[PDB]
Each structure stands twice: as C-alpha cells, then as structure tokens.
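Everything on this sheet refers to the single structure shown next.
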Amino acid sequence: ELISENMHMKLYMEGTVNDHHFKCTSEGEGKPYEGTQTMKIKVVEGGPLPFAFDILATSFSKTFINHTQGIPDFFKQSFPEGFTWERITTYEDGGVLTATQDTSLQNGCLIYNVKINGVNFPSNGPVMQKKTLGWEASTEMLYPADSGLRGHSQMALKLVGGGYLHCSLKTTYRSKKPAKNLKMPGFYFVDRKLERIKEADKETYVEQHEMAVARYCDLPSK
Amino acid sequence: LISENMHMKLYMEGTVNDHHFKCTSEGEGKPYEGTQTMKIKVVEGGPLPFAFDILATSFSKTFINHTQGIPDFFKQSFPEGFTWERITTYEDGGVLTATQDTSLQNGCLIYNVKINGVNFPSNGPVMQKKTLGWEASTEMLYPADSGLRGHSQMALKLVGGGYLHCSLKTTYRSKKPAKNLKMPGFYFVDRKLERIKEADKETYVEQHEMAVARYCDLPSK
Amino acid sequence: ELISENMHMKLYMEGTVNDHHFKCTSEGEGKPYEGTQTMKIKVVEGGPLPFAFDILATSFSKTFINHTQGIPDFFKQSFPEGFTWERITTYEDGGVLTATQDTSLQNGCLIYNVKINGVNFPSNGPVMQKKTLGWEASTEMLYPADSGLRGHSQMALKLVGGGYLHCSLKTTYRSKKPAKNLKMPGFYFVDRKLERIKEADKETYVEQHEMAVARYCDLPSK
Amino acid sequence: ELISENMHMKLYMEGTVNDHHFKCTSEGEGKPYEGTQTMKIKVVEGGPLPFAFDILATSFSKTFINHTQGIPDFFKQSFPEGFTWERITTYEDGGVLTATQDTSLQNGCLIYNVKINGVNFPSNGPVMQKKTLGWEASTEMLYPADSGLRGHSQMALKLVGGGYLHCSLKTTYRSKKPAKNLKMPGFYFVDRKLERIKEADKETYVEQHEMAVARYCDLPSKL
C-alpha cells in the first residue's frame with residue numbers, strides 16, 4: 001500500500017479562539033497499523049495562547065488507528081486521494097471549538113491542514129485560566145452516515161484540584177475516494193489515549209503521542 | 001447485603017409526549033458477574049405508540065462487574081440504597097428524562113422510576129416503530145455534584161441499516177453518608193443491553209444486560 | 001364559546017427535581033382575552049424545596065394569551081376538549097427540567113395537571129443554592145409542527161450578585177380537537193412577563209402573575 | 001462623533017462549510033441610527049456554493065441597530081477602536097456554523113473581516129439540498145457577560161414545501177474599548193428582519209437588507 005508501517009506527517013493549522021488568532025505547525029511520525037504516533041508542535045503566530053493548549057489536542061490524525069478484528073479501515077483505504085474531517089467539540093461550560101481538516105499524501109508524507117474556530121469560552125473558566133491537565137482515555141463510536149463516517153465521542157479534561165470538565169465531539173469523516181471503491185465498515189469503536197509527552201515555553205512547543213485501536217464490543221450476546 | 005444472586009422488583013410510571021403509561025417488571029441477576037434479566041409488562045397505556053427501545057435504560061446499577069479494584073459506589077450504598085436522574089437526548093429532538101429510586105427490602109432490590117419524554121417527532125423512527133434495539137455502549141463515570149456523574153452515548157439501530165444517536169447524562173447519588181463510602185475516581189462501564197423476548201406489540205418485553213467496570217486497557221506514555 | 005372574559009383555574013402538580021419529590025396545588029383567576037392571570041401556589045408535599053421555585057414558574061397556562069392582529073388562537077379553539085403541552089427547559093449550567101401538562105375544562109373551571117422531572121441541577125449552581133431572583137421578559141416563537149404547535153423561547157434568570165443564568169425552552173402544544181376542526185396559525189410570537197407578586201414561608205406559598213400577548217413582528221418589510 | 005447618519009461598509013469573508021471552501025466580499029451602506037442597511041455580496045472563490053446561502057446571512061453588522069429608549073449602544077460607543085464578535089449557530093438537524101468577526105473603522109469606512117467554519121450539515125437536509133427560502137423575523141436578547149455582551153437568539157428558516165428549520169444563536173460581543181470607558185447596557189432586546197432583496201448566478205450574487213431596533217419589553221410590570 002501507499003501507507004507503510006512507518007510514516008511521517010507535516011501539519012499546518014490556522015485558527016481563532018474567541019477573539020485570539022494563532023497559527024501552528026507540527027511534524028510527527030508514527031506506526032499506522034500499530035496505531036501509535038507522535039506529533040511535535042510549534043505555536044508560530046499568536047503565542048503564547050491565552051487558552052489551554054489542551055483544547056487543540058484533538059485537531060492535530062486518523063490514518064494511525066490499528067484496526068482489529070477485520071474492521072475495514074476507511075482512512076487507510078482512502079489513499080492516494082485522501083480524506084477530510086469536520087468536527088464540533090462542545091464543552092459543558094459553553095465553550096465551542098469547531099475544526100475542519102484536510103488529509104493528503106504527497107511524496108509519501110502525510111499532509112494535514114486544519115482551520116480552527118472556537119467561540120464563547122468563558123473568560124473566567126478553566127480553559128482561559130489554564131487550569132487544565134490533559135485528557136483521559138476515550139472511546140469514539142463510528143458508523144456510516146451522510147456519505148462518509150460519523151463519529152461520536154465524549155472526553156473528560158483533567159482539572160487542577162482533581163476535577164473534570166466534560167465535552168462531546170461530533171465528527172464527519174469524508175473520503176475523497178468514490179464510495180464504490182471503498183469497503184465500508186459497519187458500526188465500531190475506537191479506543192484512544194492522547195498524552196502530552198513534553199512542553200516548553202508557555203505551551204508554545206508541545207509534544208503529543210496517541211494510541212488508537214479499533215475494535216468491536218468484546219462482551220457476549222445472550 | 002447483596003448476594004451472588006439477587007431478585008428485583010420494579011414499578012414505572014410516565015408520560016411520553018402526551019401518552020401516559022405504567023410498567024412493572026421482575027428480574028433475577030448476578031451482581032458481581034454483572035448480568036441480569038428483567039421481565040417487563042406494560043400494565044397501563046399499552047400498546048405504547050412509541051418504540052419500547054426508548055425505555056430500555058430505565059429498567060439497574062447494582063449489577064455491574066466492578067473489576068480491577070474499582071470501588072463500587074452502588075454495591076457500597078446498601079442497606080440505604082441510591083438514586084439516579086438522567087436525560088437522554090436524541091439527535092432528532094426527542095428527549096427522555098428519568099428519575100429512579102433503588103432500595104433493598106428483604107433481599108429484594110426495589111426500583112421506582114418516573115419517566116417524562118417530550119418532543120419525539122411525529123413522523124420519526126421512534127414514533128413510527130422503525131427501531132431494532134441498541135448497539136453496545138460505554139459510560140464514563142467520575143465524582144461530581146456530591147455523587148457520580150455518568151456520560152454515555154448510544155446508537156439505536158434503524159430498519160434499513162442506519163442509526164439514530166442519543167447522549168445520556170446521569171447523576172447517581174448514594175443514600176449512605178459520604179463519610180461511609182469509598183469513592184472511585186474516573187472509570188468506564190462497558191455494557192450490552194439486548195431484548196431477548198417480546199409479545200403483544202411490545203407490551204411484554206424481556207431484556208438482558210451485561211455490564212463490566214474497567215479502566216482503559218491501552219499502554220500509557 | 002366556553003372561554004369567558006373572566007375565568008378560574010385549578011392546578012395539581014407532581015414531580016421530582018434531581019432526587020427531591022414534591023407536590024403543589026394552585027388556584028388562579030385571569031382574563032383570557034386580555035392575556036393576564038394570577039396563580040396562587042402552595043407547595044403541599046416536599047416543602048420547603050431545596051431548589052429555587054423559579055425553575056417551576058413556567059409550568060404553572062396558555063389559554064390566557066391575548067391573540068392580536070387576528071392570529072388564530074390554537075388554545076381557545078381547542079375547548080371544550082382541551083389540549084396538552086410538553087417541554088424541556090435546558091439551563092446553561094447543566095440543569096434540565098421537563099414537564100408534561102394536561103389542560104381540561106370542567107364545570108366552567110380550567111383544570112391543569114402537570115408532571116415535572118428535573119435532573120442534574122448542579123449542587124453549586126444558583127438553583128440548588130437558592131440564589132436566583134426571578135425572570136426577565138421573554139418572547140416565544142411558535143409555528144405549526146408535528147401535528148400541533150412548536151414553541152421556542154429563551155429566558156434569563158436573575159441572580160443574587162447580578163448577572164444571569166440562561167435557559168432555552170422547546171415545547172410542543174397539542175390540541176385534543178381534530179385538525180379538520182382547527183384554524184391553524186402560521187408563524188408568530190408571544191411576548192410575556194411572568195412576575196412573582198408574593199411569597200411566604202421559604203417559597204412554600206407563591207403568587208405569580210403573567211401577561212402574554214401574541215403578535216407578528218411589526219417592522220416594515222421589503 | 002465618528003458614526004454618521006449615513007455610513008458605508010466593506011467586508012471580507014473566508015470559510016469552510018463541511019468540506020467546501022469559499023471566500024466572499026461585499027459592500028453596503030446604511031443608516032446606523034435608523035438601524036437599516038443593505039449589503040451587496042459576491043462569492044469570489046468556491047462558487048456556486050453547494051449549500052444554501054441562507055446559512056451565511058447572519059455573518060455579513062451590529063453598528064446599524066437603532067438603540068431606542070436610551071439603551072446605551074455598546075457598538076457605537078466602541079469606535080474608533082471597534083469591536084469583535086464570535087457566534088455559534090446550531091441547526092436542529094445537526095449542522096453547526098461558527099463565525100468570528102472583526103469590526104474596524106478605517107477612513108470613515110466600516111470594515112468587516114469574518115471567518116466561518118460550519119460542520120456536519122446533513123446531505124439530505126434543506127441546507128445541503130438548497131431547499132430553503134430565507135429567514136423569518138427574530139428577536140435577540142442581550143446582557144453583560146464575560147467582559148462583553150452575550151446575545152441569544154433563535155431563528156426559523158423557511159423551507160420549500162412549507163414548514164421550518166430551527167436554529168439557535170449564541171454570541172459574545174467584545175469591545176476594543178476598556179470597560180471603564182464604556183457605559184454598559186443592562187438586559188435588552190433587538191428585533192430584526194433580515195431579508196434577501198436580490199440574487200443572481202446560483203446565489204453567487206446576493207443583496208440582503210436588515211432592519212434592527214433595540215427596545216425593552218413594553219408590557220407593563222406589576223413590580
């Protein structure tokens with residue numbers, strides 16, 4: 001395939017959260033079939049960001065899911081054409097972050113381009129006041145809808161002092177390959193753990209590692 | 001206390017949109033293995049004009065297998081018991097809200113449920129009965145609001161192959177004083193709720209649930 | 001017709017908010033065609049309530065709307081048979097209150113039967129802390145949907161210390177009269193001011209007054 | 001003062017709805033104190049759009065609100081520096097449109113820069129099917145929150161064949177003036193009517209007019 005066992009990525013991100021404009025770039029590498037990857041990210045315009053970098057974590061990679069149990073892999077199948085995703089993340093204290101993303105393969109490097117637009121993050125809440133400590137593990141459910149894949153997830157943001165801020169994600173993933181050339185999956189889950197591995201200079205340099213494994217529910221039917 | 005085999009007794013009243021109804025049920029399960037079966041009868045208001053699936057999560061938190069040493073909020077709560085309060089919101093505007101009392105009286109678990117559903121659309125899948133039961137789901141739980149907050153989503157199978165989506169937001173509240181309980185931190189519950197029998201236009205239903213509490217499996221760092 | 005210019009009502013309410021059960025009853029009088037009405041409310045079981053009584057205010061009367069400009073009156077038309085309503089109110093701090101109601105006409109008296117179910121009101125928010133100070137005015141939009149009338153509104157709840165807690169209402173009103181026997185309205189608006197006029201005994205006795213007037217938007221068109 | 005009885009505007013817009021990229025520009029003029037205005041709009045990249053232009057209507061001007069009854073005018077007071085706004089629009093059938101906007105005054109011309117990001121518009125919904133017929137009238141409620149103004153509104157989109165698609169708007173309006181150089185409004189309403197006046201070329205050319213008037217509830221209080 002066009003997708004080898006070891007892969008590199010380059011990403012460009014532009015966005016506004018509330019009234020704050022910024023731009024980021026990243027480089028990473030990963031193991032697409034093993035479902036692991038690492039991104040090294042730079043905030044290159046608008047830094048330091050007045051908000052916790054955590055709210056941008058999920059906008060930095062769907063090729064790198066280990067699909068088990070024979071679940072067809074919508075993302076890997078989509079090459080050489082590529083795919084797009086579009087998401088809304090809604091925080092329980094009224095912040096909203098939308099993202100739309102293009103994924104292309106050029107010269108055997110994955111290229112990501114992301115546009116972020118966040119609005120209504122409370123100015124005295126944990127995100128604008130940087131009281132956050134990263135994400136717990138999460139499970140997304142995916143299934144065919146709207147001519148691609150729909151994904152639904154919920155995630156919990158660790159807060160200083162031991163509490164949690166909740167959010168939900170609703171995504172639609174769309175293949176640039178025609179649908180007659182795809183073996184579509186049915187309903188399944190992706191478990192993931194996205195972890196900050198280091199940061200420097202007021203979150204203007206960040207490293208992230210994710211592991212992502214696709215699976216069915218392993219419980220028996222009666 | 002709660003044994004390896006327990007029985008349960010349930011009464012439920014509610015209104016969906018404008019339709020009033022009552023159900024009862026009786027069950028038998030294994031709390032530490034986290035399996036259970038409920039045998040349900042619609043006793044007033046049957047046949048319901050909406051799919052019975054929307055009532056499924058309202059018929060049992062004692063019956064979760066809490067593995068990996070996770071403190072068990074529900075089993076710990078007895079003899080005093082606990083409550084839960086939930087909103088289920090469907091993507092097409094239906095909303096089902098539920099509040100529940102769990103007691104224990106002479107070795108029997110006793111469940112009392114009130115239901116209030118609104119805004120279920122007239123020509124949507126629930127009211128037109130085009131649903132085919134729920135896929136498996138995962139709830140995340142963590143302390144909040146003086147008990148445990150649970151967050152789940154679920155996908156209702158539709159005739160023809162599609163899905164209707166719904167989010168659940170629950171608060172579970174122990175009747176046993178905070179000082180007498182060991183709280184868990186963040187964890188998941190995986191479950192599979194299946195209809196195993198029906199009859200008489202969904203006025204008699206049997207459901208089986210399996211539920212297991214765990215942490216994420218994935219290597220860290 | 002059966003709706004006179006001066007009318008009485010009696011109400012019975014039952015419900016639970018989080019884990020707290022309660023019952024209320026009330027009696028009222030008002031002027032249906034003028035859109036004004038007063039309800040005198042008693043909390044008869046579960047008093048005193050742990051939550052602000054404000055969250056129950058909108059669950060205590062759609063016959064008393066002044067329908068102006070010839071807008072057909074879905075509610076006064078539905079008698080003698082009556083109507084039902086069902087609503088969800090969603091608070092921006094995670095509280096949710098749903099209510100289902102039956103409105104009948106018996107010996108010249110309007111009879112209301114309300115069931116309340118409120119869930120997830122945060123223990124540190126204004127409702128549970130009893131730090132609220134009543135509602136601002138609001139405007140509902142209504143239009144035919146779902147074989148009845150759909151209503152959408154938003155309300156602002158005044159808070160001790162200043163500022164507001166926002167909620168949104170989504171309702172469906174349903175006539176017990178056949179469609180063929182109703183003149184349906186098109187799209188319109190109802191302006192209201194609901195005000196607490198009296199309270200005693202830790203909110204176990206309350207008096208509310210509402211003025212409601214239906215209209216179209218009066219702005220010139222192009 | 002810097003805001004006249006007649007003002008002109010220029011706008012630049014960049015965005016993506018679902019996976020479709022586009023840019024728009026427009027110019028208009030209007031009467032800030034009578035709260036009327038007209039915008040003529042060109043799609044200059046990505047046209048003809050595969051979605052209903054109606055979803056972009058509210059992202060093309062808060063200076064043109066007639067603030068009656070003495071209500072302090074957060075927007076007109078903010079000049080020469082200007083203000084920003086950020087909004088989420090949520091459609092009952094799953095589509096979401098967020099927008100962030102900068103409003104500036106340069107050369108006695110009002111300048112708007114907008115970025116749109118919409119996601120998850122259903123393929124068989126009226127918006128993706130271009131089966132919409134413009135907006136009914138609407139009311140916004142506004143009050144101080146978060147060091148700016150919070151706005152909540154709801155709108156009904158007319159549909160081919162009858163009936164409506166609902167959406168809610170939640171906005172935060174932020175002044176570039178510091179708070180101690182502003183007289184802040186309390187709670188109030190804005191009534192508006194945004195109307196499509198002309199269109200050409202499969203909606204690649206559109207004229208909208210809006211009238212907006214600030215007011216309190218004029219029902220009598222019993223308190």
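Each chain in the structure tokens gets a letter, A, B, ..., in the order shown, and its residues are numbered from 1; ligands are numbered from 1 in order too.
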Mind checking which residues fall within 6 Å of residue 211 (chain A), counting only C-alpha atoms, ignoring those fewer than 5 positions away in the same chain, and posting them as a PyMOL selection string?
-> chain A and resi 35-36+192-193
With C-alpha atoms retained, could you export that selection as a short mmCIF file (atom, residue, chain, number, x, y, z; two decimals), in the first residue's frame?
```cif
data_model
loop_
_atom_site.label_atom_id
_atom_site.label_comp_id
_atom_site.auth_asym_id
_atom_site.auth_seq_id
_atom_site.Cartn_x
_atom_site.Cartn_y
_atom_site.Cartn_z
CA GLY A 35 -1.95 2.74 15.91
CA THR A 36 0.76 4.91 17.54
CA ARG A 192 -7.63 6.03 22.34
CA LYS A 193 -5.15 7.63 24.75
#
```
Note to self: Contacts from chain C to chain B, 6 Å maximum, only C-alpha atoms: show me the residue list as an MDAnalysis selection string.
What the structure shows: chainID C and resid 18 86 119 123 146
Contact residues around residue 35 (chain D) with only C-alpha atoms at 6 Å, ignoring same-chain residues under 2 positions, as a list in words: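 The contact residues come out as residues 31, 32, 33, 64, 65, 66, 211 and 212 of chain D.
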Residues of chain A that approach chain C to 10 Å or less, counting only C-alpha atoms: could you list each one with the shortest pair of atoms and its distance in Å to one decimal, rows by chain and increasing residue number, as a Markdown table?
```
| residue | atom | partner | partner_atom | distance |
| --- | --- | --- | --- | --- |
| A:92 | CA | C:94 | CA | 7.4 |
| A:93 | CA | C:93 | CA | 6.7 |
| A:94 | CA | C:92 | CA | 7.4 |
```
TODO: List the neighbours of residue 17 (chain A) out to 12 Å using only C-alpha atoms; skip same-chain residues closer than 6 positions along the sequence, and give me the result as an MDAnalysis selection string.
DONE: (chainID A and resid 23 46 49:53 55:56 95:99 115:123 127:128) or (chainID D and resid 84:87 98:101 115 172)
N, CA, C and O atoms of the current selection, written as a compact mmCIF listing (two decimals), in the first residue's frame:
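Output contents, as saved in out.txt:
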```
# COMPACT_ATOMS: atom_id res chain seq x y z
N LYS A 23 -1.45 30.51 14.75
CA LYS A 23 -1.10 29.53 13.74
C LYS A 23 -0.12 28.55 14.35
O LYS A 23 0.71 28.94 15.15
N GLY A 46 0.78 34.15 17.20
CA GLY A 46 -0.22 34.33 18.24
C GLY A 46 0.18 33.83 19.61
O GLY A 46 -0.65 33.82 20.51
N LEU A 49 -0.55 31.41 23.64
CA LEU A 49 -2.01 31.38 23.58
C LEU A 49 -2.65 31.65 24.93
O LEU A 49 -2.26 31.11 25.92
N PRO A 50 -3.69 32.47 24.94
CA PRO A 50 -4.33 32.78 26.20
C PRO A 50 -5.19 31.64 26.77
O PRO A 50 -5.76 31.75 27.89
N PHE A 51 -5.30 30.55 26.03
CA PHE A 51 -6.14 29.40 26.43
C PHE A 51 -5.27 28.14 26.53
O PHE A 51 -4.21 28.03 25.88
N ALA A 52 -5.73 27.20 27.35
CA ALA A 52 -5.09 25.90 27.48
C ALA A 52 -4.92 25.20 26.15
O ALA A 52 -5.89 25.06 25.38
N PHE A 53 -3.71 24.71 25.86
CA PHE A 53 -3.42 24.08 24.53
C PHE A 53 -4.18 22.80 24.40
O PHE A 53 -4.40 22.34 23.31
N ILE A 55 -7.30 22.23 24.49
CA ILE A 55 -8.49 22.32 23.59
C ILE A 55 -8.13 22.16 22.10
O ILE A 55 -9.02 21.94 21.21
N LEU A 56 -6.82 22.29 21.80
CA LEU A 56 -6.38 21.96 20.44
C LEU A 56 -5.84 20.53 20.17
O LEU A 56 -5.56 20.14 19.02
N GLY A 95 -18.01 26.69 26.09
CA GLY A 95 -17.03 26.86 25.02
C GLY A 95 -17.32 25.94 23.83
O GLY A 95 -17.82 24.83 24.04
N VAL A 96 -17.03 26.36 22.59
CA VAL A 96 -17.32 25.50 21.50
C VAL A 96 -16.11 25.62 20.60
O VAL A 96 -15.68 26.73 20.39
N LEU A 97 -15.61 24.49 20.11
CA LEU A 97 -14.44 24.53 19.19
C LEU A 97 -14.80 23.72 17.94
O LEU A 97 -14.93 22.50 17.97
N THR A 98 -14.83 24.40 16.77
CA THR A 98 -15.04 23.67 15.55
C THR A 98 -13.70 23.62 14.76
O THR A 98 -12.83 24.50 14.94
N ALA A 99 -13.55 22.54 14.01
CA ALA A 99 -12.32 22.30 13.23
C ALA A 99 -12.67 21.63 11.92
O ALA A 99 -13.42 20.75 11.85
N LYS A 115 -8.18 24.21 10.12
CA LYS A 115 -8.78 25.52 10.38
C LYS A 115 -9.63 25.35 11.61
O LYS A 115 -10.50 24.52 11.61
N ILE A 116 -9.36 26.16 12.62
CA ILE A 116 -9.99 26.09 13.93
C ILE A 116 -10.83 27.34 14.12
O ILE A 116 -10.39 28.43 13.83
N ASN A 117 -12.01 27.21 14.75
CA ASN A 117 -12.75 28.40 15.09
C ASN A 117 -13.46 28.03 16.38
O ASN A 117 -14.33 27.17 16.26
N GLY A 118 -13.05 28.63 17.49
CA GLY A 118 -13.63 28.41 18.86
C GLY A 118 -14.32 29.69 19.30
O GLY A 118 -13.87 30.79 19.04
N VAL A 119 -15.41 29.58 20.09
CA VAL A 119 -16.14 30.77 20.34
C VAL A 119 -16.74 30.54 21.75
O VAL A 119 -16.92 29.37 22.13
N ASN A 120 -17.03 31.61 22.48
CA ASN A 120 -17.77 31.53 23.74
C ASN A 120 -17.09 30.83 24.92
O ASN A 120 -17.76 30.47 25.89
N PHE A 121 -15.78 30.63 24.84
CA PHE A 121 -15.03 30.02 26.01
C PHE A 121 -15.09 31.04 27.14
O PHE A 121 -14.73 32.21 26.92
N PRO A 122 -15.58 30.66 28.30
CA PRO A 122 -15.78 31.66 29.32
C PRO A 122 -14.45 32.26 29.74
O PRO A 122 -13.49 31.57 29.80
N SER A 123 -14.42 33.54 29.99
CA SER A 123 -13.16 34.19 30.23
C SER A 123 -12.64 33.90 31.60
O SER A 123 -11.51 34.07 31.84
N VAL A 127 -10.32 26.75 31.01
CA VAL A 127 -9.55 26.75 29.76
C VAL A 127 -8.86 28.11 29.57
O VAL A 127 -7.68 28.16 29.18
N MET A 128 -9.60 29.21 29.75
CA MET A 128 -8.99 30.54 29.54
C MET A 128 -8.06 30.85 30.72
O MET A 128 -7.11 31.61 30.58
N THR D 84 -15.27 43.10 18.32
CA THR D 84 -15.32 41.81 17.60
C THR D 84 -16.58 41.09 17.99
O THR D 84 -17.19 41.43 19.01
N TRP D 85 -16.93 40.08 17.21
CA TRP D 85 -17.99 39.15 17.69
C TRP D 85 -17.64 37.69 17.38
O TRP D 85 -16.83 37.44 16.51
N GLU D 86 -18.21 36.73 18.12
CA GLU D 86 -17.96 35.32 17.84
C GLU D 86 -19.27 34.62 18.14
O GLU D 86 -19.88 34.98 19.10
N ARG D 87 -19.66 33.67 17.31
CA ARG D 87 -21.01 33.09 17.40
C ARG D 87 -21.04 31.62 17.07
O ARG D 87 -20.31 31.17 16.20
N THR D 98 -20.05 28.25 12.98
CA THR D 98 -19.46 29.17 13.91
C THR D 98 -18.85 30.27 13.05
O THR D 98 -18.53 30.01 11.91
N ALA D 99 -18.76 31.48 13.60
CA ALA D 99 -18.14 32.61 12.91
C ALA D 99 -17.45 33.53 13.92
O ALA D 99 -17.87 33.70 15.07
N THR D 100 -16.32 34.13 13.50
CA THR D 100 -15.62 35.07 14.34
C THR D 100 -15.43 36.25 13.40
O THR D 100 -15.30 36.06 12.16
N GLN D 101 -15.47 37.44 13.97
CA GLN D 101 -15.54 38.67 13.15
C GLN D 101 -14.85 39.81 13.82
O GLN D 101 -14.92 39.99 15.03
N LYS D 115 -14.48 34.94 9.60
CA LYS D 115 -14.11 33.57 9.29
C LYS D 115 -15.26 32.69 9.74
O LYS D 115 -15.74 32.86 10.85
N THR D 172 -20.89 36.26 21.63
CA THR D 172 -20.28 37.14 22.60
C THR D 172 -19.70 38.32 21.82
O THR D 172 -19.07 38.10 20.78
```
So that I can check the surroundings of residue 89 (chain D), please list as a ChimeraX atom specification every protein, DNA and RNA residue that reaches within 9 Å of it, counting only C-alpha atoms and ignoring chain neighbours fewer than 3 positions away. /D:55,95-99,118,154,167-171
For the residues in the current selection, export N, CA and C atoms as a PDB file, in the first residue's frame.
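This is the output file selection_5.pdb:
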```
ATOM      1  N   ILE D  55     -27.484  30.248   5.243  1.00  0.00           N
ATOM      2  CA  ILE D  55     -26.717  29.935   6.459  1.00  0.00           C
ATOM      3  C   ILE D  55     -25.620  30.924   6.692  1.00  0.00           C
ATOM      4  N   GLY D  95     -26.484  20.449  11.598  1.00  0.00           N
ATOM      5  CA  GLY D  95     -25.466  21.369  11.051  1.00  0.00           C
ATOM      6  C   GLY D  95     -25.132  22.463  12.065  1.00  0.00           C
ATOM      7  N   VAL D  96     -23.852  22.840  12.124  1.00  0.00           N
ATOM      8  CA  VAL D  96     -23.386  23.876  13.023  1.00  0.00           C
ATOM      9  C   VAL D  96     -22.522  24.825  12.234  1.00  0.00           C
ATOM     10  N   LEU D  97     -22.735  26.105  12.487  1.00  0.00           N
ATOM     11  CA  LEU D  97     -21.923  27.187  11.842  1.00  0.00           C
ATOM     12  C   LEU D  97     -21.393  28.156  12.890  1.00  0.00           C
ATOM     13  N   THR D  98     -20.048  28.253  12.983  1.00  0.00           N
ATOM     14  CA  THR D  98     -19.462  29.171  13.906  1.00  0.00           C
ATOM     15  C   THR D  98     -18.854  30.275  13.050  1.00  0.00           C
ATOM     16  N   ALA D  99     -18.760  31.478  13.603  1.00  0.00           N
ATOM     17  CA  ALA D  99     -18.137  32.607  12.907  1.00  0.00           C
ATOM     18  C   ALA D  99     -17.449  33.531  13.920  1.00  0.00           C
ATOM     19  N   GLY D 118     -18.317  25.840   9.222  1.00  0.00           N
ATOM     20  CA  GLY D 118     -19.572  25.055   9.503  1.00  0.00           C
ATOM     21  C   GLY D 118     -19.285  23.567   9.395  1.00  0.00           C
ATOM     22  N   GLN D 154     -32.879  33.037  18.355  1.00  0.00           N
ATOM     23  CA  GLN D 154     -33.323  31.871  17.686  1.00  0.00           C
ATOM     24  C   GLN D 154     -33.974  32.329  16.352  1.00  0.00           C
ATOM     25  N   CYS D 167     -32.988  27.141  14.308  1.00  0.00           N
ATOM     26  CA  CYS D 167     -31.632  27.257  14.825  1.00  0.00           C
ATOM     27  C   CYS D 167     -31.524  28.220  15.986  1.00  0.00           C
ATOM     28  N   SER D 168     -30.519  28.007  16.838  1.00  0.00           N
ATOM     29  CA  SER D 168     -30.230  28.902  17.941  1.00  0.00           C
ATOM     30  C   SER D 168     -28.922  29.566  17.688  1.00  0.00           C
ATOM     31  N   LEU D 169     -28.778  30.808  18.142  1.00  0.00           N
ATOM     32  CA  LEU D 169     -27.542  31.571  18.023  1.00  0.00           C
ATOM     33  C   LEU D 169     -27.077  31.932  19.416  1.00  0.00           C
ATOM     34  N   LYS D 170     -25.795  31.749  19.698  1.00  0.00           N
ATOM     35  CA  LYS D 170     -25.239  32.189  20.950  1.00  0.00           C
ATOM     36  C   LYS D 170     -24.002  33.015  20.576  1.00  0.00           C
ATOM     37  N   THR D 171     -23.945  34.289  21.015  1.00  0.00           N
ATOM     38  CA  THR D 171     -22.854  35.238  20.532  1.00  0.00           C
ATOM     39  C   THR D 171     -22.186  35.920  21.749  1.00  0.00           C
TER      40      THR D 171
END
```
